Amino acid sequence: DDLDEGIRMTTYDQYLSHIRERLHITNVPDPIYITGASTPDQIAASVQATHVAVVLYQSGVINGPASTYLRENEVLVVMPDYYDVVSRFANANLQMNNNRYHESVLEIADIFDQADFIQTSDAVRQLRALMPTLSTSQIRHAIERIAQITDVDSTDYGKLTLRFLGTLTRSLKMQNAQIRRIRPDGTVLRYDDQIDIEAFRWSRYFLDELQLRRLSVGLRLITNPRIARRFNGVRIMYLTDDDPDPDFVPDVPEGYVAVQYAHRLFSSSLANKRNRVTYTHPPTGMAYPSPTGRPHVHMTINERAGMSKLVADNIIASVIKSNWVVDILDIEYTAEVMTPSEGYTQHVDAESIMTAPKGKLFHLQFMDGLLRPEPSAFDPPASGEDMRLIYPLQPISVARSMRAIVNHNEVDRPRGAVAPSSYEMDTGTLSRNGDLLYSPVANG
Amino acid sequence: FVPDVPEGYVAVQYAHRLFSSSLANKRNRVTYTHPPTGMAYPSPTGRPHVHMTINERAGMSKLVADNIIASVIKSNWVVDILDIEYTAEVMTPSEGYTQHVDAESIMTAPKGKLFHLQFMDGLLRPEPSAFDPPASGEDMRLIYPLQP
Amino acid sequence: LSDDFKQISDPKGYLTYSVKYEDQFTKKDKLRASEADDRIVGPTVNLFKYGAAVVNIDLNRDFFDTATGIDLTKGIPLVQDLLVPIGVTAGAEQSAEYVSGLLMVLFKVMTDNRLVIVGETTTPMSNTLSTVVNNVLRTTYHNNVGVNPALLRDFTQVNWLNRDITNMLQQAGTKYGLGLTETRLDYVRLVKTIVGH
Amino acid sequence: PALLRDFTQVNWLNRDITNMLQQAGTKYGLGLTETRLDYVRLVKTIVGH
Amino acid sequence: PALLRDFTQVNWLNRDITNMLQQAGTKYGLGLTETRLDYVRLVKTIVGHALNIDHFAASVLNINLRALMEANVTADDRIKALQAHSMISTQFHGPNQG
Amino acid sequence: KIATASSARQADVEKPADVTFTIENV
Amino acid sequence: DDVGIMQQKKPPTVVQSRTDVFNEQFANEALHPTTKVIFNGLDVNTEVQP
Amino acid sequence: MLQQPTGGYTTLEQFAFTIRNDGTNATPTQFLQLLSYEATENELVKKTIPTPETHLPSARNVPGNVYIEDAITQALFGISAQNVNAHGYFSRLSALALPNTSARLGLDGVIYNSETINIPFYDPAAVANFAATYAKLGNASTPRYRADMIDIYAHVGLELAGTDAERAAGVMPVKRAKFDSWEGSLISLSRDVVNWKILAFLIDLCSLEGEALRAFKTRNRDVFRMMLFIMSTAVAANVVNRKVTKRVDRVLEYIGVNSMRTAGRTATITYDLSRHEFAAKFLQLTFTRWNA
């Protein structure tokens, strides 16, 4: 089975936030619950009734014909929770497994056929995933800040200004909010075209149509890989500076052994009248007081936060003397790509990479040494060796359109030279409706 | 203590012809060609474990000497310089090392110079307290006796 | 009238090419374009000049200005004091600034109410242009042509680049074009006729 | 002492504290834990830290 | 004179020069040309230029170039000359022999 | 002479639209 | 492909100066490429040949 | 996608290899006819080639379209090729080795990550077979995996100069090649070879099996010999001219003996040590495949 293939399913909270109000607004019966005695024909009648291909799950183990129907028709089951999901399905083949699934964003547009009530896409979810979880006051701070940037006097917004109670702030959070009539009890009523005006039907995130149209293009821009120039993680490996390409990531050598960093791996210990920072290899169990003579380790450091200066220094010393590879994942960095004539203006000692606060943004520099000209035949030999420690874990030249605009010889291309993508030049046409289009590839 | 040459090292007589400048990736590196295999190693970092023997440092390029010590450090070469004569002093751990000899001088002095190496007898060195935190850093020795 | 838009000529984009040069490289031969072809192809040739070490695609700092709060001196948009800790000053060079940058970028795009009006435009005679340029040109074009690598064709003195760009431009699936074009909206009026460039 | 976890350089202590904090019967927390809004004003009243 | 074609305002000259240049047996050319020695290096690449110059001088300049091109003098040669002029066991180091 | 490096980036020119009083067509 | 005539920019050149005995430490090691070299007097190729 | 012909992609006239001979087009074999050898007192015995390492460069994602054909041909035959051992290209080659990769090898020899339908490309199974060995060019420089740069050249000489009897025997006298030649013949030949679409050659060398592979090896022996010839001129200790009866005969001493020369010279292309590593590795793989 392809990762795309299987039984689509989502948590009830997602259904409530995103699918349910839309169903309410389209005047269709609420989707049927699926007990263990649900025929595929019933699910079909439900799906054609709601025009949505969604069924809530109620209770019991679902029979296999229903499962094959749900799978063949890509129907989205809604679940109370993700505990013991396999227990909810009959397994004629026992192929289903709690660990065998593929989490992925599924745009509402792939479900609903009515474009009128769908303003965004997956891009907003991705952008939100970038955001730290915010307390309501942090949300208010964000909104007040954006208001400050756009020269709005946001004073008293979101606040009750009482004569005797003073000012009181209420939460500005109201994600997915809709305008709705309430019964005098205070409880919400479902939208009714008969009494409520059409404008209150769906709120469109309280944005102007044109603002939405533009918001779409902006979302495409924001999630473009070229703009995604904030990188996570740095491999630390003691190697000679051979490769011109900035985006070089040394491979871990064949003999190396992966080891997650943990405080427990390092200890004080006696060794030849010294209290050396012994390291114990998790496989062999062997203790190694000296940074020299340690087994080839590919150590991963997900979080530096508790690490002692002694241990960090010992890890670096192992990188250098025992030839460790240490992938530090906690690091986030911008990455300027220097050209050989401009050198490295900024420097990062190993200590600072190992001790910088989490959540601070490092600014690494990486030479593109492809434009270094050949040495003279009579330049004195270098007895020494230029070395390098820091490397990216991911491609860094994401913004790079072209490279090495010079001739090797007069006619040959320099190795690693980069032509502009054809797409940068395609300037096709306007669509029938005015959207930009690339030229047709094949004539048909 | 005279460290034993580890198994798998290859004996190689030093000769002037083993080292030369050569182009290697946009630099004129001091290349070393390994007499068994014949292979050239532009950099000190990748070289085969070699038990080089230097019967005489006369005529040796200083760049080559830097290269050989570099291979001592990076390629873990064991080089034995028989030309050298030295007096020795055994320091007690309490008096420490009052003198040091650069590998540069070991490599560049005229034959007939008499180096004075010092050595610690660390037998009486104090043992660390059981609860004292480890210190960073590591003592290393580069020059060794060939004889008791 | 309500000022719903921001009429402007010669629009600036969200993305622009940035370029780092190694100045020691310089072709010995001096290419001699006609004055017209230099009027069109010039700003392109000048920017992707021989010796360009890298050519990046950055967010246009001129558009995502400090007035939006965005800083772009690094690889990424960065906005201070948007996503912050409460009860303490936010640390300098905090990573969350990147996310704020994206928000302010998204927002700034969401609110771009620019409405292009045709700027000054030349109409070269065909004979005044090299044929390769003339095939791309469509009668008129703005005197402020931006840059496009497609213009480098038969103009860059770098051989492999010319060969590669010529390949992509001779593919059926990609056709560079510049200047006034036959839009579906041609001859539609709105006090003034709409046209495509 | 619960805060010492993965910060104390003393190994056994961090191991013991990690072990306790990983038991079902005990869980350190550094609140806020419980807001209570008013029924009319809809602003927070009594929080539990 | 081959450049005079379609440029001299003398009609008969243009007609005659055009005749000679349209003969198969004579082809004027100017500027950079595809020599057999293209891409050969000698610190710098060799190239050919069809220059307006008498063939004697062209010949001599070509001779001199090929003379330099074939010499294959290297550092080893000069090192050897130095060794001949040095006290009998001096050692020389530096440039790659070639 | 020392080898050097230098950058460039395409300039903005987005002016507000000119207010002409001449007209192209009858 | 051509040889550089202008003075090229180079990585910083730290001279390690190894002796018979020393205490190696790698706190504040540079991350950028660096040319560690062992001897102080490496300008040895003096005699220019015209 | 181009379906591979039962004879291999080299059967297609689009991939035909040719070299100018004093400026006129000619098959490599009829250039090799002009070659003549004067044997010397020394001998080339061919040691067995060590079997190539199982390890492959990590199939790391990289931005852009790698131009692998030009990288290999430049590393082998180009004037002063640079960055021959830069890893990225080869990581992409290893990505081509994967069972269900989205990467494609264009007939241009460019490697595309996207499935770009507009550009014709070699059959993915065949390029998987080709990359599965040739990505090992990527670890040419790693000390663990450096190929012998000296003894392998015996094989080169055997496959070039060696008479069928010597090729059977596995030993030949060390030889001095020579041919009637024009100015810059070795550079021009190297230029003629660097333009070759050798990916078709290697892909056919890997994907083909049984009778087809053998017929390919006989049909293409002269091509491989021209490649070997360019390399051998790059490594020959000495190359000179000999005036005889108003005709210059180019002379390369010696075939099959790598001098480990690195300094550039007028007469031929030249390997920097990195190029030497690369060519040695390439020869290790290519002869391992050719002799099986």
# chains A, B, ... in the order shown; residues from 1 in each chain; ligands from 1

call {"tool": "residues_around", "arguments": {"residues": "region 13-28 of chain D", "least_positions_apart": "6", "cutoff": "9 Å", "atoms": "only C-alpha atoms", "output": "ChimeraX atom specification"}}
result
/A:263-264 /D:1-7

call {"tool": "interface_residues", "arguments": {"of": "chain G", "to": "chain C", "cutoff": "12 Å", "atoms": "only C-alpha atoms", "output": "number ranges by chain"}}
result
G: 1-9

call {"tool": "write_last_selection", "arguments": {"atoms": "C-alpha atoms", "output": "PDB file, in the first residue's frame"}}
result
ATOM      1  CA  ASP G   1      40.890  26.908 -14.651  1.00  0.00           C
ATOM      2  CA  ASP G   2      43.469  29.733 -14.863  1.00  0.00           C
ATOM      3  CA  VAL G   3      46.117  30.577 -12.244  1.00  0.00           C
ATOM      4  CA  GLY G   4      45.307  33.455  -9.882  1.00  0.00           C
ATOM      5  CA  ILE G   5      47.528  36.506 -10.332  1.00  0.00           C
ATOM      6  CA  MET G   6      46.060  38.777  -7.645  1.00  0.00           C
ATOM      7  CA  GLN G   7      46.828  37.933  -4.039  1.00  0.00           C
ATOM      8  CA  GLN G   8      44.184  35.376  -3.014  1.00  0.00           C
ATOM      9  CA  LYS G   9      42.309  35.488   0.289  1.00  0.00           C
TER      10      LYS G   9
END

call {"tool": "select_by_dssp", "arguments": {"residues": "chain E", "states": "strand (DSSP E or B)", "output": "list in words"}}
result
residues 31, 32, 33, 41, 42, 44, 45, 48, 49 and 50 of chain E

call {"tool": "closest_atom_pairs", "arguments": {"of": "chain F", "to": "chain C", "cutoff": "9 Å", "atoms": "only C-alpha atoms", "output": "CSV"}}
result
residue,atom,partner,partner_atom,distance
F:2,CA,C:24,CA,8.7
F:3,CA,C:24,CA,5.7
F:4,CA,C:23,CA,5.6
F:5,CA,C:22,CA,4.6
F:6,CA,C:21,CA,5.2
F:7,CA,C:20,CA,4.4
F:8,CA,C:19,CA,5.3
F:9,CA,C:18,CA,4.4
F:10,CA,C:17,CA,6.4
F:11,CA,C:62,CA,8.1
F:12,CA,C:12,CA,5.8
F:13,CA,C:10,CA,6.3
F:14,CA,C:11,CA,4.8
F:15,CA,C:9,CA,5.4
F:16,CA,C:8,CA,4.1
F:17,CA,C:8,CA,4.4
F:18,CA,C:9,CA,7.7

call {"tool": "interface_residues", "arguments": {"of": "chain C", "to": "chain H", "cutoff": "9 Å", "atoms": "only C-alpha atoms", "output": "ChimeraX atom specification"}}
result
/C:171-173

call {"tool": "atom_distance", "arguments": {"atom1": "CA of residue 197 (chain A)", "atom2": "CA of residue 17 (chain A)"}}
result
22.7 Å

call {"tool": "residues_around", "arguments": {"residues": "residue 364 (chain A)", "least_positions_apart": "5", "cutoff": "9 Å", "atoms": "only C-alpha atoms", "output": "PyMOL selection string"}}
result
chain A and resi 333-337+346-348+390

call {"tool": "write_last_selection", "arguments": {"atoms": "N, CA, C and O atoms", "output": "tab-separated table (two decimals), in the first residue's frame"}}
result
chain	number	residue	atom	x	y	z
A	333	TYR	N	19.77	28.18	12.46
A	333	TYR	CA	20.67	29.18	11.91
A	333	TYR	C	20.23	29.71	10.55
A	333	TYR	O	19.60	29.01	9.76
A	334	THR	N	20.55	30.98	10.33
A	334	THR	CA	20.62	31.56	9.01
A	334	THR	C	21.97	31.15	8.44
A	334	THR	O	22.87	30.78	9.20
A	335	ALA	N	22.12	31.18	7.12
A	335	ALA	CA	23.38	30.74	6.52
A	335	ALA	C	23.80	31.54	5.29
A	335	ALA	O	23.42	31.20	4.17
A	336	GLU	N	24.59	32.58	5.51
A	336	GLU	CA	25.19	33.34	4.42
A	336	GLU	C	26.16	32.45	3.66
A	336	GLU	O	26.93	31.71	4.26
A	337	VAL	N	26.11	32.51	2.33
A	337	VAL	CA	27.06	31.77	1.51
A	337	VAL	C	28.11	32.72	0.94
A	337	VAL	O	27.86	33.45	-0.01
A	346	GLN	N	32.62	36.25	9.98
A	346	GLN	CA	32.12	35.89	11.31
A	346	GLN	C	32.62	34.53	11.74
A	346	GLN	O	32.72	33.61	10.93
A	347	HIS	N	32.91	34.39	13.03
A	347	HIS	CA	33.49	33.15	13.50
A	347	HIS	C	32.76	32.54	14.67
A	347	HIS	O	32.22	33.24	15.52
A	348	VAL	N	32.74	31.21	14.68
A	348	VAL	CA	32.04	30.47	15.72
A	348	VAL	C	32.94	29.39	16.31
A	348	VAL	O	33.19	28.37	15.67
A	390	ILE	N	32.29	22.61	11.11
A	390	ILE	CA	30.85	22.79	11.01
A	390	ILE	C	30.31	22.49	9.63
A	390	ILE	O	30.84	22.98	8.64

call {"tool": "closest_atom_pairs", "arguments": {"of": "region 176-279 of chain A", "to": "region 119-126 of chain A", "cutoff": "7 Å", "atoms": "only C-alpha atoms", "output": "JSON lines"}}
result
{"residue": "A:204", "atom": "CA", "partner": "A:119", "partner_atom": "CA", "distance": 6.7}
{"residue": "A:212", "atom": "CA", "partner": "A:119", "partner_atom": "CA", "distance": 6.6}
{"residue": "A:216", "atom": "CA", "partner": "A:120", "partner_atom": "CA", "distance": 6.6}
{"residue": "A:219", "atom": "CA", "partner": "A:123", "partner_atom": "CA", "distance": 5.9}
{"residue": "A:223", "atom": "CA", "partner": "A:123", "partner_atom": "CA", "distance": 6.5}

call {"tool": "residues_around", "arguments": {"residues": "residue 124 (chain C)", "least_positions_apart": "3", "cutoff": "9 Å", "atoms": "only C-alpha atoms", "output": "list in words"}}
result
residues 36, 127, 128, 129, 134, 137, 139, 140 and 141 of chain C

call {"tool": "interface_residues", "arguments": {"of": "chain D", "to": "chain B", "cutoff": "12 Å", "atoms": "only C-alpha atoms", "output": "mmCIF file with N, CA and C atoms, in the first residue's frame"}}
result
data_model
loop_
_atom_site.group_PDB
_atom_site.id
_atom_site.type_symbol
_atom_site.label_atom_id
_atom_site.label_comp_id
_atom_site.auth_asym_id
_atom_site.auth_seq_id
_atom_site.Cartn_x
_atom_site.Cartn_y
_atom_site.Cartn_z
ATOM 1 N N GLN D 9 24.656 17.999 37.601
ATOM 2 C CA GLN D 9 25.767 17.296 36.980
ATOM 3 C C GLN D 9 26.097 16.030 37.748
ATOM 4 N N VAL D 10 25.406 15.850 38.866
ATOM 5 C CA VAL D 10 25.498 14.641 39.668
ATOM 6 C C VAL D 10 24.654 13.544 39.039
ATOM 7 N N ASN D 11 25.324 12.497 38.587
ATOM 8 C CA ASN D 11 24.684 11.474 37.785
ATOM 9 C C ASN D 11 23.601 10.704 38.511
#

call {"tool": "decode", "arguments": {"residues": "region 70-98 of chain E", "atoms": "N, CA, C and O atoms", "output": "short mmCIF file (atom, residue, chain, number, x, y, z; two decimals), in the first residue's frame"}}
result
data_model
loop_
_atom_site.label_atom_id
_atom_site.label_comp_id
_atom_site.auth_asym_id
_atom_site.auth_seq_id
_atom_site.Cartn_x
_atom_site.Cartn_y
_atom_site.Cartn_z
N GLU E 70 57.13 23.80 -27.68
CA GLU E 70 57.77 22.49 -27.71
C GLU E 70 58.96 22.33 -26.76
O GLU E 70 59.50 21.24 -26.61
N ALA E 71 59.37 23.42 -26.13
CA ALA E 71 60.60 23.41 -25.34
C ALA E 71 60.57 22.49 -24.11
O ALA E 71 61.59 21.91 -23.75
N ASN E 72 59.40 22.35 -23.48
CA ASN E 72 59.24 21.51 -22.28
C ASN E 72 60.29 21.72 -21.21
O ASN E 72 60.72 20.77 -20.57
N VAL E 73 60.76 22.95 -21.05
CA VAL E 73 61.64 23.24 -19.95
C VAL E 73 60.80 23.14 -18.69
O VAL E 73 59.67 23.62 -18.65
N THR E 74 61.36 22.51 -17.66
CA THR E 74 60.64 22.36 -16.41
C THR E 74 61.53 22.82 -15.27
O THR E 74 62.66 23.25 -15.48
N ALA E 75 61.00 22.75 -14.06
CA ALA E 75 61.77 23.11 -12.88
C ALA E 75 62.91 22.12 -12.66
O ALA E 75 63.94 22.49 -12.13
N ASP E 76 62.72 20.87 -13.08
CA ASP E 76 63.73 19.83 -12.86
C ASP E 76 65.01 20.22 -13.56
O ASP E 76 66.10 19.99 -13.05
N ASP E 77 64.84 20.84 -14.72
CA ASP E 77 65.97 21.22 -15.54
C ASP E 77 66.81 22.28 -14.82
O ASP E 77 68.03 22.14 -14.67
N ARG E 78 66.14 23.32 -14.34
CA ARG E 78 66.82 24.40 -13.62
C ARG E 78 67.40 23.90 -12.30
O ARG E 78 68.50 24.31 -11.90
N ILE E 79 66.71 22.98 -11.64
CA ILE E 79 67.20 22.41 -10.39
C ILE E 79 68.49 21.67 -10.67
O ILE E 79 69.44 21.75 -9.89
N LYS E 80 68.54 20.99 -11.81
CA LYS E 80 69.73 20.25 -12.20
C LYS E 80 70.90 21.18 -12.51
O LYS E 80 72.05 20.92 -12.13
N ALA E 81 70.59 22.29 -13.17
CA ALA E 81 71.62 23.28 -13.45
C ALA E 81 72.17 23.86 -12.16
O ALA E 81 73.37 24.11 -12.05
N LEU E 82 71.30 24.05 -11.18
CA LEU E 82 71.74 24.55 -9.88
C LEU E 82 72.60 23.54 -9.15
O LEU E 82 73.58 23.89 -8.49
N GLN E 83 72.24 22.27 -9.26
CA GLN E 83 72.95 21.21 -8.57
C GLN E 83 74.33 21.08 -9.14
O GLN E 83 75.28 20.74 -8.43
N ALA E 84 74.46 21.35 -10.43
CA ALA E 84 75.78 21.32 -11.04
C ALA E 84 76.65 22.44 -10.50
O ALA E 84 77.87 22.32 -10.41
N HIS E 85 76.01 23.54 -10.10
CA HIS E 85 76.73 24.69 -9.56
C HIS E 85 76.73 24.77 -8.04
O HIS E 85 76.99 25.83 -7.46
N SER E 86 76.46 23.65 -7.39
CA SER E 86 76.40 23.63 -5.94
C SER E 86 77.35 22.61 -5.36
O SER E 86 77.68 21.63 -6.02
N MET E 87 77.77 22.84 -4.11
CA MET E 87 78.66 21.90 -3.44
C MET E 87 78.02 20.52 -3.42
O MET E 87 76.81 20.40 -3.24
N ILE E 88 78.84 19.49 -3.56
CA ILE E 88 78.43 18.25 -4.20
C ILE E 88 77.18 17.58 -3.63
O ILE E 88 76.40 16.98 -4.37
N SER E 89 76.93 17.74 -2.34
CA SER E 89 75.73 17.14 -1.77
C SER E 89 74.60 18.10 -1.36
O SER E 89 73.85 17.79 -0.44
N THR E 90 74.47 19.26 -2.02
CA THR E 90 73.37 20.17 -1.66
C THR E 90 72.06 19.56 -2.08
O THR E 90 72.00 18.77 -3.03
N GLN E 91 71.01 19.89 -1.35
CA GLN E 91 69.70 19.39 -1.68
C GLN E 91 68.84 20.55 -2.14
O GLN E 91 68.90 21.64 -1.57
N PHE E 92 68.05 20.33 -3.17
CA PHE E 92 67.13 21.36 -3.61
C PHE E 92 65.71 20.88 -3.39
O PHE E 92 65.41 19.70 -3.53
N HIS E 93 64.85 21.82 -3.04
CA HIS E 93 63.46 21.50 -2.82
C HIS E 93 62.62 22.62 -3.38
O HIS E 93 63.13 23.71 -3.64
N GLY E 94 61.34 22.35 -3.59
CA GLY E 94 60.41 23.38 -3.98
C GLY E 94 59.39 22.90 -4.97
O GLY E 94 58.52 22.11 -4.62
N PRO E 95 59.49 23.37 -6.21
CA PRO E 95 58.49 23.19 -7.26
C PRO E 95 58.34 21.73 -7.64
O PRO E 95 59.28 20.95 -7.48
N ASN E 96 57.15 21.35 -8.09
CA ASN E 96 56.96 20.03 -8.66
C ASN E 96 57.91 19.93 -9.83
O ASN E 96 58.09 20.90 -10.56
N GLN E 97 58.51 18.76 -10.03
CA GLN E 97 59.58 18.62 -11.00
C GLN E 97 59.13 19.04 -12.39
O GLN E 97 59.91 19.59 -13.17
N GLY E 98 57.86 18.80 -12.69
CA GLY E 98 57.35 19.02 -14.03
C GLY E 98 56.87 20.44 -14.28
O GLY E 98 56.39 20.74 -15.38
#
